[PDB]
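Undergrad: Just dropping this structure here.
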Amino acid sequence: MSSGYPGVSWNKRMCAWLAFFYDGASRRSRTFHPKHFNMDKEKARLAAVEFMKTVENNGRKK
Amino acid sequence: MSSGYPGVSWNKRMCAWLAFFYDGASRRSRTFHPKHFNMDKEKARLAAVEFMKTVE
DNA sequence: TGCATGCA
DNA sequence: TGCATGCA
DNA sequence: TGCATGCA
DNA sequence: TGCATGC
């Protein structure tokens, strides 16, 4: 499994684990995003843009 | 682009920003994962499992 | 979005 | 079921 | 794995 | 030009 636990699976589009459970007869899910995903994704974006700016030239690179 | 910026794009399978650039003739790329992705994904996994046991 | 439902 | 999908 | 080709 | 895909 992706999780190694019954009912818990990684949703690739969402980048989150959903826990699927029965509520009486009704199948339901609860979403668990990696902690601080938004913060850390945004910080990764800034870091990537910063690097991109370093390499916005026509000379040979490091 | 998926970032706000030219040359930087989100790779979905990788769950990471890629910066595409030119080293003269060659096209290159550098990868940028969210800083503590592996650890925080694991924390989220353990929380999903905890919910599973509790809600069951 | 997070979620409930669809797919196989 | 694990996980992708449609929803406005 | 991270990277750079493939495709438009 | 962005970004999925194959190694």
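Chains: A, B, ... in order of the structure tokens. Residues: from 1 per chain. Ligands: from 1, in order shown.
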Report as a tab-separated table the residues of chain E within 8 Å of chain B, each with its shortest atom pair and distance in Å (one decimal), using only C-alpha atoms (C1' of nucleotides), ordered by chain and increasing residue number.

TA:
residue	atom	partner	partner_atom	distance
E:2	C1'	B:31	CA	6.6
E:3	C1'	B:29	CA	6.3
E:4	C1'	B:28	CA	5.9

Undergrad: Residues near segment 25-35 of chain A, anyone? I mean within 12 Å using only C-alpha atoms (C1' of nucleotides), not counting same-chain ones fewer than 3 positions away, as a PyMOL selection string.

TA: (chain A and resi 7-22+38-41) or (chain B and resi 15+34-52+55-56) or (chain C and resi 1-5) or (chain D and resi 1+3)

Undergrad: For chain F, which residue out of B:33, B:11, B:5, B:21 is the nearest one, using only C-alpha atoms (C1' of nucleotides)?

TA: B:11

Undergrad: Which of chain B counts as alpha helix (DSSP H) under DSSP, as a PyMOL selection string please?

TA: chain B and resi 37-55

Undergrad: Generate the output file for the selected residues, N, CA, C and O atoms, as a compact mmCIF listing (two decimals), in the first residue's frame.

TA:
# COMPACT_ATOMS: atom_id res chain seq x y z
N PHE B 37 9.23 17.98 3.24
CA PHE B 37 8.10 17.27 2.65
C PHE B 37 7.97 15.84 3.16
O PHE B 37 6.88 15.43 3.56
N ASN B 38 9.06 15.09 3.12
CA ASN B 38 9.04 13.69 3.53
C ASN B 38 8.61 13.48 4.98
O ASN B 38 7.79 12.60 5.26
N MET B 39 9.16 14.30 5.87
CA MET B 39 8.82 14.24 7.29
C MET B 39 7.36 14.64 7.54
O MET B 39 6.67 14.00 8.31
N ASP B 40 6.90 15.69 6.86
CA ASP B 40 5.56 16.24 7.09
C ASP B 40 4.46 15.41 6.44
O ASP B 40 3.32 15.42 6.90
N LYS B 41 4.82 14.70 5.38
CA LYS B 41 3.92 13.76 4.73
C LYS B 41 3.73 12.55 5.66
O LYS B 41 2.62 12.03 5.80
N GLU B 42 4.82 12.13 6.30
CA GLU B 42 4.79 11.02 7.25
C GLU B 42 3.96 11.36 8.49
O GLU B 42 3.18 10.53 8.96
N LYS B 43 4.14 12.57 9.01
CA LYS B 43 3.31 13.08 10.11
C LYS B 43 1.82 13.06 9.76
O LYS B 43 0.99 12.70 10.60
N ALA B 44 1.50 13.46 8.52
CA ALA B 44 0.12 13.47 8.04
C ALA B 44 -0.42 12.06 7.89
O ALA B 44 -1.59 11.81 8.21
N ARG B 45 0.43 11.14 7.43
CA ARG B 45 0.09 9.71 7.37
C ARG B 45 -0.28 9.14 8.76
O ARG B 45 -1.26 8.42 8.90
N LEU B 46 0.53 9.46 9.77
CA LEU B 46 0.30 8.97 11.13
C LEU B 46 -0.98 9.53 11.71
O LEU B 46 -1.66 8.85 12.47
N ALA B 47 -1.31 10.77 11.34
CA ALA B 47 -2.54 11.43 11.77
C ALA B 47 -3.77 10.82 11.12
O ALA B 47 -4.83 10.69 11.77
N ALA B 48 -3.64 10.48 9.84
CA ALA B 48 -4.71 9.79 9.11
C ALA B 48 -4.98 8.42 9.73
O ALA B 48 -6.13 8.03 9.89
N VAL B 49 -3.91 7.71 10.08
CA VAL B 49 -4.02 6.41 10.74
C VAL B 49 -4.69 6.52 12.10
O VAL B 49 -5.60 5.74 12.41
N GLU B 50 -4.25 7.51 12.89
CA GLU B 50 -4.84 7.79 14.21
C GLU B 50 -6.34 8.05 14.09
O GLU B 50 -7.10 7.52 14.88
N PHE B 51 -6.74 8.86 13.11
CA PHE B 51 -8.16 9.16 12.86
C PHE B 51 -8.92 7.88 12.52
O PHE B 51 -10.03 7.64 13.02
N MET B 52 -8.30 7.07 11.65
CA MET B 52 -8.86 5.79 11.24
C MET B 52 -9.20 4.91 12.45
O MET B 52 -10.30 4.38 12.55
N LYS B 53 -8.27 4.80 13.40
CA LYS B 53 -8.46 3.95 14.58
C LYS B 53 -9.50 4.53 15.55
O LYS B 53 -10.24 3.80 16.20
N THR B 54 -9.53 5.85 15.62
CA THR B 54 -10.42 6.55 16.54
C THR B 54 -11.84 6.56 15.99
O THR B 54 -12.78 6.21 16.71
N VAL B 55 -12.00 6.93 14.72
CA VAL B 55 -13.31 7.04 14.10
C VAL B 55 -13.98 5.68 13.88
O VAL B 55 -15.20 5.59 13.93

Undergrad: Could you pull out the strand (DSSP E) residues of segment 8-54 of chain B from DSSP and send them as an MDAnalysis selection string?

TA: chainID B and resid 8:11 16:23 26:32

Undergrad: Near residue 4 of chain F, within 10 Å and counting only C-alpha atoms (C1' of nucleotides), which residues show up once chain neighbours fewer than 6 positions away are dropped, as a PDB file with N, CA, C and O atoms (P, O5', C5', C4', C3', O3' and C1' of nucleotides), in the first residue's frame?

TA:
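Result saved to selection_15.pdb:
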ATOM      1  N   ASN B  11       6.099  20.168 -10.942  1.00  0.00           N
ATOM      2  CA  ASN B  11       6.033  18.790 -11.420  1.00  0.00           C
ATOM      3  C   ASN B  11       5.186  17.988 -10.428  1.00  0.00           C
ATOM      4  O   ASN B  11       5.587  17.784  -9.282  1.00  0.00           O
ATOM      5  N   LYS B  12       4.001  17.570 -10.876  1.00  0.00           N
ATOM      6  CA  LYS B  12       2.987  16.934 -10.021  1.00  0.00           C
ATOM      7  C   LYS B  12       3.430  15.597  -9.413  1.00  0.00           C
ATOM      8  O   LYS B  12       3.309  15.398  -8.202  1.00  0.00           O
ATOM      9  N   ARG B  13       3.936  14.694 -10.255  1.00  0.00           N
ATOM     10  CA  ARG B  13       4.449  13.395  -9.798  1.00  0.00           C
ATOM     11  C   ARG B  13       5.562  13.582  -8.755  1.00  0.00           C
ATOM     12  O   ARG B  13       5.578  12.907  -7.728  1.00  0.00           O
TER      13      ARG B  13
ATOM     14  P    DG E   6      14.384  13.096 -27.012  1.00  0.00           P
ATOM     15  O5'  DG E   6      12.897  13.327 -26.456  1.00  0.00           O
ATOM     16  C5'  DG E   6      12.022  12.249 -26.125  1.00  0.00           C
ATOM     17  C4'  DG E   6      10.577  12.727 -26.076  1.00  0.00           C
ATOM     18  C3'  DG E   6      10.039  13.317 -27.378  1.00  0.00           C
ATOM     19  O3'  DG E   6       8.765  12.778 -27.637  1.00  0.00           O
ATOM     20  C1'  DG E   6       9.703  14.849 -25.605  1.00  0.00           C
ATOM     21  P    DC E   7       8.176  12.775 -29.123  1.00  0.00           P
ATOM     22  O5'  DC E   7       6.661  13.266 -28.924  1.00  0.00           O
ATOM     23  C5'  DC E   7       6.093  13.533 -27.640  1.00  0.00           C
ATOM     24  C4'  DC E   7       5.440  14.905 -27.593  1.00  0.00           C
ATOM     25  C3'  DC E   7       5.232  15.625 -28.931  1.00  0.00           C
ATOM     26  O3'  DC E   7       3.863  15.420 -29.359  1.00  0.00           O
ATOM     27  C1'  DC E   7       5.948  17.108 -27.162  1.00  0.00           C
TER      28       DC E   7
END
